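Chains as they are written, first to last, in PDB author numbering: chain QG, 2 to 156; chain QI, 1 to 128; chain QN, 2 to 61; chain QM, 2 to 119; chain QS, 4 to 85; chain QC, 2 to 207; chain QJ, 3 to 101; chain QU, 2 to 26; chain QY, 1 to 92. C-beta: ideal position from N, C-alpha, C; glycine also. These notes concern the structure reproduced below.
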Amino acid sequence: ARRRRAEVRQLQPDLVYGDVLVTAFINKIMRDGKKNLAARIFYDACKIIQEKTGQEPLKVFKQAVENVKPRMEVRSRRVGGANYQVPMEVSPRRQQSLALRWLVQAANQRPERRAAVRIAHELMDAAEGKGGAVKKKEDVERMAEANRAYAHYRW
Amino acid sequence: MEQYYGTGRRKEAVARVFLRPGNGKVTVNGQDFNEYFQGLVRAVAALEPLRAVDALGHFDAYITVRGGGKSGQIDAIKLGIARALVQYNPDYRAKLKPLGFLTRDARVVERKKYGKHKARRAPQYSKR
Amino acid sequence: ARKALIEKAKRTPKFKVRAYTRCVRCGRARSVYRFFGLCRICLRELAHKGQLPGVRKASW
Amino acid sequence: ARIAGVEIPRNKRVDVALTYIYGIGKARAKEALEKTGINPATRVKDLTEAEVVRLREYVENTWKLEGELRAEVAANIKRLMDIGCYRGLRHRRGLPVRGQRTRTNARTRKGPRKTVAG
Amino acid sequence: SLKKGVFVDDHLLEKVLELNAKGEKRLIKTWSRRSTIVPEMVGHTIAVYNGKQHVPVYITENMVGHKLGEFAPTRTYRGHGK
Amino acid sequence: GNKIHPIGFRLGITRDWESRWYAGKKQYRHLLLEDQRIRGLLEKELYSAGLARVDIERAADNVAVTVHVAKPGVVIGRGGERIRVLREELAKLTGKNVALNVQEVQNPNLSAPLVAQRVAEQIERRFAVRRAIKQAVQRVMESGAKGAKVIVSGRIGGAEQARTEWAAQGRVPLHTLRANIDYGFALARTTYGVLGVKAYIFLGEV
Amino acid sequence: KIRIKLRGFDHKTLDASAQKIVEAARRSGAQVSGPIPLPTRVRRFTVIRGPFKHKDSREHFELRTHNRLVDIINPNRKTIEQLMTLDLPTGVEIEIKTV
Amino acid sequence: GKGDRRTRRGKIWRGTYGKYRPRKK
Amino acid sequence: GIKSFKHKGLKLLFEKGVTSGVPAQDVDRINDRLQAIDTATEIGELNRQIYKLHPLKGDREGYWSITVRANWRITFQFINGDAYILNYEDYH
RNA sequence: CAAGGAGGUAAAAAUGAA
RNA sequence: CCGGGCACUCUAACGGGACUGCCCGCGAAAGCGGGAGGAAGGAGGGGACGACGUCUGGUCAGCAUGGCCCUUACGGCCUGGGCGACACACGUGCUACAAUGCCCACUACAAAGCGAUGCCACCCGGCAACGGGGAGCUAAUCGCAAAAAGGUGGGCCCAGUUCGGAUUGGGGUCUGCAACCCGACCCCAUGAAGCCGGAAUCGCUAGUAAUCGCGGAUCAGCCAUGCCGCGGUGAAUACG
Ligand SMILES: [Mg+2]
Ligand SMILES: [Mg+2]
Ligand SMILES: [Mg+2]
Ligand SMILES: [Mg+2]
Ligand SMILES: [Mg+2]
Ligand SMILES: [Mg+2]
Ligand SMILES: [Mg+2]
Ligand SMILES: [Mg+2]
Ligand SMILES: [Mg+2]
Ligand SMILES: [Mg+2]
Ligand SMILES: [Zn+2]
């Protein structure tokens with residue numbers, strides 16, 4: 002019954018960057034608890050960003066996250082055996098989490114061969130507003146758009 | 001040549017940190033602070049307390065390490081480096097506390113408990 | 002088959018592989034510790050009794 | 002190149018291309034090209050015809066392989082035809098040869114499930 | 004799989020060898036697969052025990068590493084409803 | 002229910018051992034069997050003494066054995082028998098230094114094994130169990146105890162229906178470690194079956 | 003030159019009885035290396051708590067075997083005299099060898 | 002390939018050694 | 001006709017006369033019941049007052065239950081003049 | 001600021017063992 | 001490795017160390033929130049500890065024990081068979097379907113435990129399992145063990161494929177009186193199903209889940225992918 006509001010977990014800043022965000026992204030890359038392979042892939046992809054574009058990956062990655070941020074999402078709620086879906090706003094914590102999660106997932110959805118090039122490209126596509134994650138973001142906002150009827154149920 | 005305390009421990013890892021006041025930013029034990037820790041991204045985070053202070057290579061590192069794996073050793077080194085510069089510079093306390101570079105971090109591997117499959121992972125069931 | 006069966010367990014002749022362990026306090030053939038010569042059942046009994054030198058509860 | 006009974010594997014490393022023969026596997030593969038004295042990492046794409054001839058001559062001879070040894074293997078099972086042993090009956094009933102568990106599993110010899118129900 | 008032993012029952016062989024000089028009768032039992040096929044006395048029948056009874060198995064070359072009882076199944080099965 | 006043996010629960014701090022010797026492997030097994038057969042042989046022809054303990058100590062062929070008894074009446078002055086061959090019959094499968102001592106348990110009403118054994122005798126005397134429990138507790142409580150508790154379970158007074166008679170005065174905290182709680186148990190053999198008597202005796206600690 | 007080892011199940015009896023020999027050797031004309039705490043050899047075993055068949059939730063025990071070392075210098079029969087047969091253990095196993 | 006008897010990885014998992022996993026040096 | 005057993009003791013008493021699987025004082029009892037279940041051509045014959053016959057409910061549907069003694073019941077499936085799965089079970 | 005009297009009320013979810 | 005020294009590390013024995021004691025605020029109090037204080041905190045993180053009682057719960061096959069029964073036998077010995085049967089159904093698991101992946105070589109970094117009726121260094125034969133030797137070790141001395149994931153290098157290039165290892169032929173080894181029913185490994189050759197799972201269903205809130213190897217009990221051997229432990233790298237999220 003959540004007596005404690007569960008305090009927000011804080012991370013360690015990365016190497017060379019100091020991000021309070023990049024490490025969170027590396028973590029999503031991480032599988033089976035191998036931060037070595039995870040971090041390497043991201044920094045690898047950072048080197049890949051430099052090639053296809055003359056931009057610093059610290060902004061390319063930053064803007065990509067900003068473009069894959071759900072303004073509002075759909076929430077299933079009350080009365081009628083939980084029949085309604087109230088479109089709710091998204092907390093900065095949750096926009097944060099969804100952005101990075103959808104990025105990595107869409108990144109591994111790509112037909113490319115190497116994990117680094119998937120990350121790099123999906124970030125470049127998302128920075129422009131083209132990524133498959135941006136599709137996911139825009140999709141979730143469609144659902145939230147179509148439910149404005151009983152949005153006044155709010156909460 | 002010289003000596004400066006040194007007791008860094010983190011998750012079954014022991015690291016004795018010295019540092020000798022010389023511009024040669026050096027290594028210890030096996031090979032380089034590189035070499036011995038190459039391919040390992042977070043390995044260079046052990047030198048962050050030096051970045052927290054005014055040490056751009058003013059000391060000659062000498063850290064003999066043992067026990068655990070690399071990451072714990074690296075973590076322990078961080079505790080030892082900080083334990084040195086706080087020792088021969090008692091006024092460098094007002095940075096090891098706000099930044100929190102001084103903690104043994106009691107976070108250690110929890111015991112396998114019977115019944116459970118491993119630590120906390122319950123063995124999974126069906127009623128039927 | 003129990004009385005004539007704790008006989009064989011101490012008799013131990015005829016081929017070396019036909020010989021087997023067996024709790025002495027009981028007659029148990031399973032979970033017999035070589036160290037005490039007892040089954041896991043008896044061992045627990047006596048450990049609570051205090052009749053097991055040095056043997057003490059494990060908490061850590 | 003029609004090495005034994007097969008020819009298929011083109012541009013794909015001779016130490017690997019060799020594997021595509023019933024009788025070669027992996028150990029006899031590099032064993033055959035070190036004894037014939039040919040580079041394993043080659044193209045397989047019809048390289049030096051001489052290397053291919055030597056390879057073919059050694060491989061196709063030496064040991065039995067392809068359809069010939071399939072016949073021998075099948076004949077070794079036909080050994081336990083006649084009035085054969087227990088191991089033959091396991092080849093007869095279609096059940097696992099090495100005395101394993103057949104209460105469950107053993108699907109690789111029994112085949113897919115049939116379901117009786119009762 | 005033995006190599007330097009490769010054994011047969013002494014008692015099976017005692018009965019088998021002292022009934023091998025210049026000929027015999029196929030009346031010969033046993034109680035142990037444990038043995039081995041034994042060359043000589045090939046044209047013989049060895050009633051092997053399967054746990055219930057003595058099955059007359061017949062030797063006609065072809066058999067070797069297969070001792071006896073492989074020629075004496077212990078179970079029956081026969082069918083499963085069908 | 003399910004509760005751990007209040008003796009084993011201590012063992013370390015509070016309540017020491019009962020067989021105190023050290024050995025490595027290849028020896029522990031043999032010496033423990035002998036040790037237990039001593040306890041087994043003693044219990045038989047020494048029950049009339051009512052023995053609270055059977056402490057045992059060793060030091061390479063030394064085997065010391067201390068028998069605690071409420072009333073050591075069965076010792077009777079040196080060559081008056083009841084000790085001579087009696088402490089010498091141990092070495093018929095031992096042959097080692099059968100050093101048998103006898104202790105005088107002062108108050109039997111504060112010795113848990115003796116309490117339970119007195120109760121278990123009364124069950125076989127066909128006594129009213131519930132009244133026997135009550136008295137034994139008060140008897141223990143009468144002799145200065147800080148807390149007591151007796152438990153008989155099963156087949157009470159014969160009669161087809163297993164019961165469990167319960168009585169306890171004062172303080173008996175089993176969960177506490179600094180407890181000094183004496184635990185005893187006894188089998189009452191009856192013409193209608195077997196029932197078990199638990200006895201808890203408590204004194205202060207800190 | 004004289005090396006003595008003291009093994010034991012109870013640590014309190016060991017830490018005390020192997021300290022007597024530090025006093026009975028120092029006050030007899032010798033240098034004594036104090037109670038050397040050799041590591042313990044813990045011998046655990048885990049038994050199912052019930053006589054029945056309740057596999058989950060059991061209870062385990064351990065048999066800690068402690069080792070303690072002490073060395074004395076010169077093997078003079080002045081220190082030897084006291085540590086010869088003035089033994090006060092409770093079963094504590096003692097090893098005496100010189101090398 | 003933790004179950005293939007022809008790998009250093011499968012030989013680890015099985016425990017045993019051999020040709021596909023020599024007893025060091 | 002009895003055609004299949006689930007209880008080994010029951011199986012042995014009717015087949016070989018082996019009585020060591022049942023209580024010793026219920027030997028005659030269990031016997032007369034089994035013979036009745038054997039001779040029964042329909043469930044209606046297993047209806048004597050001393051049997052307290054009834055079909056079981058729930059997951060045991062399709063089964064029947066005559067009373068041996070006390071809390072003890074012989075359960076089975078009767079179908080087309082035959083009983084199957086003869087068991088020796090408890091009332092609780 | 002401290003509430004009396006007023007009125008819209010759950011869903012689709014049935015059974016019982018010898 | 002020696003001389004020597006034991007301040008570091010470690011080893012194991014007694015101690016110190018927070019009791020929201022101290023600051024701000026709330027409150028009648030208890031207490032709550034917040035802050036320098038330190039390694040640590042408002043039960044620091046895990047164990048051991050399971051009230052009166054409930055389930056006519058579980059166990060007469062660990063043992064004890066009332067009653068019923070068997071005694072040229074419902075007991076006793078032996079050889080052999082069986083518990084390993086297989087048209088099927090369910091539970092708990094292991095190994096996978098691959099490229100944050102697989103193979104080969106090189107090269108590091110642990111903890112907790114076990115061993116002289118054994119662990120067996122180092123040589124020798126052998127593709128190898130293993131066999132011949134044979135040193136040390138009653139063991140913080142010698143040995144089991146090189147931890148593995150990691151790192152570096154190189155090779156496959158997405159294909160039932162160097163993924164996957166089932167099944168089957170053949171050839172061997174070791175324990176054991178003996179391994180056909182029914183042993184574990186080693187080597188050659190086969191290389192199946194599986195390209196990620198219907199309705200449903202489980203675990204876990206911080207060294208935690210995941211992933212990686214390591215020891216022990218039983219044990220001649222082993223059907224252990226199990227159970228009990230050990231450490232390595234190490235997430236995500238909790239509005240409510
Ligand atoms: Mg772990
Ligand atoms: Mg389990
Ligand atoms: Mg109805
Ligand atoms: Mg408590
Ligand atoms: Mg019941
Ligand atoms: Mg009994
Ligand atoms: Mg079974
Ligand atoms: Mg297919
Ligand atoms: Mg594919
Ligand atoms: Mg929790
Ligand atoms: Zn026993």
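Chain QJ residues whose Cβ lies nearer than 7 Å to that of residue i
i        : result
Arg41/QN : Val49 and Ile50
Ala60/QC : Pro91 and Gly93
Residue i versus residue j: straight-line alpha-carbon distance, rounded
i         : j         : result
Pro53/QJ  : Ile8/QC   : 19 Å
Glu105/QC : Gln28/QC  : 32 Å
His69/QS  : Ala122/QI : 49 Å
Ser38/QS  : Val51/QS  : 11 Å
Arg102/QM : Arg23/QN  : 30 Å
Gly85/QM  : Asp59/QY  : 48 Å
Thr39/QY  : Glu61/QY  : 23 Å
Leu5/QS   : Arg88/QM  : 19 Å
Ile7/QN   : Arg29/QM  : 57 Å
Neighbour flag for residue i against chain QC, beta carbons, 9 Å
i        : result
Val94/QJ : yes
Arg35/QN : yes
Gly36/QJ : no
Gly38/QN : yes
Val25/QN : yes
Three-state class that DSSP yields for residue i in the structure shown
i         : result
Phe16/QN  : coil
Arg131/QC : helix
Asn69/QJ  : strand
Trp14/QU  : helix
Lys58/QN  : strand
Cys43/QN  : helix
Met44/QS  : coil
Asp12/QS  : coil
C-beta neighbour in chain QJ for residue i, strict 9 Å
i        : result
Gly25/QC : yes
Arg21/QC : yes
Below-9 Å beta-carbon distance, residue i vs any chain QI residue
i        : result
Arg41/QG : yes
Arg66/QJ : no
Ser30/QJ : no
Chain QN contact residues for residue i, given Cβ-Cβ distances below 8 Å
i        : result
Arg46/QJ : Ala59
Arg30/QC : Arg35, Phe36, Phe37 and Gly38
Below-9 Å beta-carbon distance, residue i vs any chain QN residue
i         : result
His176/QC : no
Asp12/QJ  : yes
Chain-ordered neighbours of residue i on chain QN, where CB pairs are closer than 7 Å
i        : result
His62/QJ : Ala59
When you check each C-beta in the segment 46-61 of chain QN against every C-beta of chain QJ, which residues fall closer than 7 Å? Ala48, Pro54, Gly55, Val56, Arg57, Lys58 and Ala59
Listed from N- to C-terminal order along the chain, which residues in the segment 35-50 of chain QI have their beta-carbon within a distance smaller than 8 Å of any beta-carbon of chain QG? Of all residues in the segment 35-50 of chain QI, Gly39, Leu40, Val41, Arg42, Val44 and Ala45 have a Cβ within less than 8 Å of some Cβ in chain QG.
Anything in the segment 18-45 of chain QG with a Cβ closer than 8 Å to a Cβ of chain QI? List those residues in chain order, please. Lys36, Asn37, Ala40, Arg41 and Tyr44
Which residues of the segment 60-84 of chain QM have a Cβ closer than 9 Å to any Cβ of chain QS? Give them in chain order. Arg80, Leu81, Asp83 and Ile84
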